[PDB]
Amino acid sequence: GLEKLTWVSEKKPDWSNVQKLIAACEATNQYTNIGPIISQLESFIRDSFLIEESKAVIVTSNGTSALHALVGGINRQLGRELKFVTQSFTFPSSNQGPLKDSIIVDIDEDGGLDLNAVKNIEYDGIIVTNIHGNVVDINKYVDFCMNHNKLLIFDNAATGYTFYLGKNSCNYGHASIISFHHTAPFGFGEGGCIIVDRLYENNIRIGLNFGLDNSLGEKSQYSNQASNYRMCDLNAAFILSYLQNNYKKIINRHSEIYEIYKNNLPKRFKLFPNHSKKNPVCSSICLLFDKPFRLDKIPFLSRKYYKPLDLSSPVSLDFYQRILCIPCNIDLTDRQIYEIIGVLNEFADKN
């Protein structure tokens, strides 16, 4: 039964839909450098994920490039290489590229960057990871960055449709990023998106194109803070088509999977910390066992995220050692979920 578990739902192109979209590229020979699909996908993300008009929606090559293009654009606007703090319990993206020298501090027990740990640090902003669709106490972080006059970026790579006080979590802070990597619920191949205050929109958009702005003609000027961060229209067509066919079913079905775990917790596990009133839409079901344990004890497909970036982050290491990330996708039957919960109950009695 559980032998057939996969991390990601089986994802195949709607070839007729993808070919219809790319027929726009074929007619003009424009397949990149902001061809005719980019605005269709940015529009679809705004209207489907419910991004406020105060935010630009900016697609990039991947979730990593979304975060990097966001920072390089803000670096260009403020005129220096900004110093960000990130949490140890997250993916490498937030200590790479323009963040390669980001400061790493521990999480608190709610899964986000420990605000008590930056007391005595020099920094311009913080990056907080909303883990696998779960969200932190977002207003704790908004209030803190308002009071201390800091930039706030939410790493929502795995968190495209978790609502906080009646609005997509992507709408909070100065910006968020989401991943359309194949392993993400909304993903297909590679891609990313920046949700950012309009203040920074132009510098981030031209920052996808080496900092060059064709609208300036001979005044067009590259920035050493920019790169090739743009989304290819080919990738936009595959992502847009996947979202068109699947995004509603993913939200409802992922919410249904979360409901079953919430009402049938195996003994001595807890749900990863989450601060949304409705079920989050998760990239995996993350449970914390009450004691450290090794994945090879679990006789079904399962993972640990995230290996701490700084292995001297004690709260981050504890979570890593105690966490069990279970597949969450639209291919999973309830029968499989109940068979999973029974294997975990067994494990809990013998460990």
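Residue numbers run from 1 along the displayed sequence.
Novice: Higher mean Cα B-factor in the deposited model: 188-196 or 157-165?
Specialist: According to the PDB entry, the answer is 157-165.
Novice: Between 170-178 and 263-271, which has the larger average Cα B-factor in the PDB entry?
Specialist: Comparing averages over the C-alpha atoms only gives 263-271.
Novice: When you compare the CA B-factors of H132, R80, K119, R230 as listed in the entry, which one comes out on top?
Specialist: In this record, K119 carries the highest C-alpha B-factor of the candidates.
Novice: If you compare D110, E201, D101, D124, which has the highest Cα B-factor in the entry?
Specialist: Across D110, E201, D101, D124, the entry lists the biggest C-alpha B-factor for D110.
Novice: Split into thirds by Cα B-factor across the chain's modelled residues, where does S283 land: lowest, middle or highest?
Specialist: Tercile = middle for this residue's CA B-factor.
Novice: Relative to the other modelled residues of the same chain, rank the CA B-factor of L50 and answer lowest, middle or highest third.
Specialist: Its C-alpha B-factor, which the entry lists for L50, ranks in the middle third among residues of this chain.
Novice: Give the position of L41 by CA B-factor within its chain, expressed as the lowest, middle or highest third.
Specialist: Bottom third by C-alpha B-factor.
Novice: When the deposited Cα B-factors of this chain's modelled residues are ordered and cut into thirds, is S93 in the lowest, the middle or the highest one?
Specialist: Lowest third, going by the recorded CA B-factors of the chain.
Novice: Sorting the chain's CA B-factors, does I330 end up in the lowest, middle or highest third?
Specialist: For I330, whose C-alpha B-factor we compare with every modelled residue in the chain, the answer is the middle third.
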